[PDB]
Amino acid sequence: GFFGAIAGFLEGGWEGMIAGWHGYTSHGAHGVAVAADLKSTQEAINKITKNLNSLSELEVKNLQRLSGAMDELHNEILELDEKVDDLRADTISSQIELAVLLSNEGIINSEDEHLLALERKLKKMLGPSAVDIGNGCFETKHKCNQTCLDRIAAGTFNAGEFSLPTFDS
């Protein structure tokens, strides 16, 4: 989105990313590695779930026939009653239309904030010898093929497996 275009991220899909929505790519002599993160994809699915439950709660009075209307005597009153039903419906519909759209805007945009987090999770585990590009990428003093990256995706990665300095929580 607007953040991704400006701070030169990549509007690139990685159709390799099967098991998840957001994760890491890994580049070098091995070619390109790709791995989903199974918490960013889960945490995104949560919000959405709870957002549904949110949209569902809304209650709107039943809207029914008029108790003392009378279908041949009171047509003009009965007619205004339809107007009422129509307007009510058309009103509450536009409101919901808004609620959802807002809701979507939320979800859609939040995606970039996943990526952004996922980067910071990465920065931790790569240790102080890595170099934060700003790209959403890191130049690392060691090679990282598919296996290495999968540890990165799982949070069972350890720098110094390639003897390099490490932050320890």
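Residue indices: 1-based, along the sequence shown.
Peer 1: As stated in the PDB record, which stretch has the larger average Cα B-factor, 95-103 or 70-78?
Peer 2: Looking at the recorded C-alpha B-factors, 70-78 comes out higher on average.
Peer 1: Pick out which of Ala117, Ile108, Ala29, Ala44 has the highest C-alpha B-factor in the PDB entry.
Peer 2: The C-alpha B-factor peaks, among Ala117, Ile108, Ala29, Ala44, at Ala29.
Peer 1: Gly12: which third of its chain by C-alpha temperature factor?
Peer 2: Highest third of the chain for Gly12's C-alpha B-factor.
Peer 1: Please place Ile133 in the lowest, middle or highest third of its chain by C-alpha B factor as given in the entry.
Peer 2: Its C-alpha B-factor belongs to the middle third of this chain's values.
Peer 1: Per the entry's values, where does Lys143 land by CA temperature factor relative to the rest of its chain, in the lowest, middle or highest third?
Peer 2: Answer is highest: the recorded C-alpha B-factor places it there.
Peer 1: Lowest, middle or highest third: where is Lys121 by C-alpha B factor in its chain?
Peer 2: Lowest third - that is where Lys121 ends up once the chain's C-alpha B-factors are sorted.
Peer 1: In terms of the CA temperature factor given in the entry, to which third of its chain does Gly20 belong: lowest, middle or highest?
Peer 2: CA B-factor rank for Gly20: middle third.
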